[PDB]
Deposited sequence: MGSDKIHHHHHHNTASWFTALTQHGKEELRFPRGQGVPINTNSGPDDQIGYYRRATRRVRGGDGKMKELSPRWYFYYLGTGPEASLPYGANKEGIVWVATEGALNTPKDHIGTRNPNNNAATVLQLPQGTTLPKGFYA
């Protein structure tokens, strides 16, 4: 009830990390646009996922990391409190978001719903190697 004042999948498409800089955002930035949610809901984390696949040459390749957004209290780190330190997790919250789990939003079932394209408010800062 406190507000911030500065199978299963993400609801959104990923942000691909094309360079050496890791994902992070200035406080107050980074929550994807979602017209179906309200100001209380605007809080969560990005989680890094890195995939591997064998190339045409038969050698195992590692692809560029992909960062996926999950609302607070949902997803692989559903039990983590806002701001908790964990490798591959970076927290974001819009001013005025409610520090409560987003049970009413949950996660996407890819069998039933396509991902929403991840879009950020105009003017959001990104590290080098990221494009939204």
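Sequence ranges absent from the coordinates, based on the deposited chain and numbered from 1: Gaps vs deposited seq, in order: 1 to 2, 9 to 12.
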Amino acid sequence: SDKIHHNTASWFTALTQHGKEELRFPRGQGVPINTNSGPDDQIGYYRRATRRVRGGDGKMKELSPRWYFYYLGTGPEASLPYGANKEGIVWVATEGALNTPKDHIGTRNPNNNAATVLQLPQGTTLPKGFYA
From here on, numbers count along this sequence of modelled residues.
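Mean temperature factor over C-alpha atoms, higher-scoring stretch between 81 to 89 and 62 to 70: Higher mean C-alpha B-factor: 81 to 89.
Which of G44, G56, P39, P32 ranks first by CA B-factor in the deposited coordinates: Result of the comparison over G44, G56, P39, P32: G56.
Entry-reported Cα temperature factor of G28, expressed as the chain third it lands in: Lowest third - that is where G28 ends up once the chain's C-alpha B-factors are sorted.
Chain-wide C-alpha B factor ranking for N111, given as lowest, middle or highest third: According to the entry, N111 has a C-alpha B-factor in the chain's highest third.
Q119 CA temperature factor, ranked by third within the chain: Lowest third.
Relative C-alpha B-factor of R48, binned into the chain's lowest, middle or highest third: Bottom third by C-alpha B-factor.
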